[PDB]
Structures are given as structure tokens and as C-alpha cells.
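One structure below.
Here, each number is a calculation from the coordinates, and none is a lab measurement. So basically every Cβ, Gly included, is an ideal-geometry build from the backbone, and we count neighbours across all protein chains shown.
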């Protein structure tokens with residue numbers, strides 16, 4: 001067996017530890033990014049949008065086996081039991097959430113808008129991706 005398959009499979013730690021230097025962000029991000037997901041929590045600040053928008057092109061960091069590619073997460077989704085039509089749902093939502101979100105002068109704050117909208121459409125679906133899928137896919141896209 002292995003016993004390094006804990007909650008959150010994706011190696012966000014190292015990837016974020018680069019993106020914090022790439023954009024020269026705050027350091028709060030190394031919680032604040034994960035914290036975005038927490039219940040009762042309003043993460044309506046720029047740098048979590050930046051973390052997303054910078055991470056979206058760091059799949060090569062998250063993904064150790066080199067499965068997850070920019071605009072190709074279908075197989076990765078199936079590693080977590082999200083089939084074609086489950087991925088397509090989330091993908092219609094990503095490109096759907098670009099719409100409802102006003103095209104912000106700040107790509108970070110736009111991107112957090114899109115990733116706010118996404119979660120709320122998952123709440124209209126009848127199922128619930130693992131976050132490694134949902135987060136993994138909007139990163140493969142945005």
C-alpha cells in the first residue's frame with residue numbers, strides 16, 4: 001500500500017510556494033488559498049484570485065505523474081470518479097462563470113469571481129466533485 005493519499009492529492013504546497021514568489025504576493029495565501037473552500041468563510045480578497053490565476057498554469061507542479069494538462073483533465077477527473085459528462089458540467093460552468101462575473105480590470109479579482117460563481121453552480125448540480133477535480137479543472141482552464 002501507500003499511505004500518502006490524504007485529503008487534497010494535488011501538490012498545492014510547492015506550487016503555491018513558487019506562485020507567492022512569481023507574483024510577489026502576501027504569505028497568508030499558503031492558508032488563504034485552501035481556506036477559500038472552508039464553510040462560513042468570506043475570502044473576498046485579491047491574492048486568492050491571484051493564487052488561482054497563477055496556479056492555473058502550474059498543473060505540472062500539482063501533478064506528479066504528469067496526467068493533468070492545460071485543457072486536459074478528463075482522465076484526471078476519472079481518477080476521482082468524475083466521468084466525461086461530470087467534467088463537461090464543470091467546464092460549461094467555468095466558461096459560464098466567466099459570463100456572470102463582470103470582466104474585472106484585475107485578472108486576480110475576476111478569476112476569484114469566476115471561482116466564486118463555480119462553487120455556487122456545483123450547489124445547483126445533483127452531485128459534488130472532489131475539490132481536487134473542481135479546483136483541478138478550473139485551473140486547467142482559466
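Could you list, in sequence order, all residues of the range 99-120 that are under 15 Å from the mean Cα position of the chain (by Cα) and farther than 20 Å from residue 33 by Cα?
The answer is none; no residue qualifies.
Name every residue in the range 117-134 that is touching a helix residue (DSSP H, G or I) at 6+ places or on another chain (Cβ under 8 Å), part of a helix (DSSP H, G or I) and within 24 Å of residue 61 (Cα to Cα), in order of residue number.
Within the range 117-134, 118, 119, 133, 134 meet the criteria.
Look at residue 13 and say whether it is assigned to a helix (DSSP H, G or I), in contact with a helix residue (DSSP H, G or I) (Cβ under 9 Å, 6 or more places away or on another chain) and under 15 Å from residue 142 (Cα atoms).
Against the criterion (assigned to a helix (DSSP H, G or I), in contact with a helix residue (DSSP H, G or I) (Cβ under 9 Å, 6 or more places away or on another chain) and under 15 Å from residue 142 (Cα atoms)), residue 13 does not qualify.
Any idea how many residues of the range 43-74 are assigned to a loop (DSSP other than H, G, I, E, B) and either over 19 Å from residue 25 (Cβ atoms) or within 13 Å of the chain's Cα centre (by Cα) (or both)?
The number of residues fulfilling the criteria is 12.
Inspect the range 3-17 for any residue being buried (at least 20 other Cβ atoms within 10 Å of the Cβ) and closer than 24 Å to residue 124 by Cβ and give the result as yes or no.
no
Check the range 28-42 and report whether any residue there is farther than 21 Å from residue 10 by Cα and buried (at least 19 other Cβ atoms within 10 Å of the Cβ).
No; the residues of the range 28-42 include none that is farther than 21 Å from residue 10 by Cα and buried (at least 19 other Cβ atoms within 10 Å of the Cβ).
Output the residue which, of all residues in the range 21-34 that are touching a residue at least 12 places away in the same chain (Cβ under 8 Å) and assigned to a helix (DSSP H, G or I), is farthest from the chain's Cα centre (by Cα).
Selected residue: 22.
Six or more apart or on different chains, Cβ atoms under 9 Å: show the pairs whose first residue is in the range 48-61 and without any contact (Cβ under 8 Å) to a residue 12 or more places away in the chain and whose second is crowded, with 21+ Cβ neighbours inside 10 Å and not in a helix (DSSP H, G or I).
60/68
Quick check on my filter: what residues within the range 75-95 are over 14 Å from the mean Cα position of the chain (by Cα), assigned to a helix (DSSP H, G or I) and buried (at least 16 other Cβ atoms within 10 Å of the Cβ)?
Of everything in the range 75-95, those that are over 14 Å from the mean Cα position of the chain (by Cα), assigned to a helix (DSSP H, G or I) and buried (at least 16 other Cβ atoms within 10 Å of the Cβ) turn out to be 79, 86, 89.
Among all residue pairs at least 6 apart or on different chains, which show Cβ distances below 6 Å where the first residue, located in the range 64-78, is free of Cβ contacts under 8 Å to residues at least 40 places away in the same chain and the second is in a loop (DSSP other than H, G, I, E, B) and surrounded by fewer than 18 Cβ atoms within 10 Å (Cβ to Cβ)?
Cβ pairs passing all conditions: 75/67.
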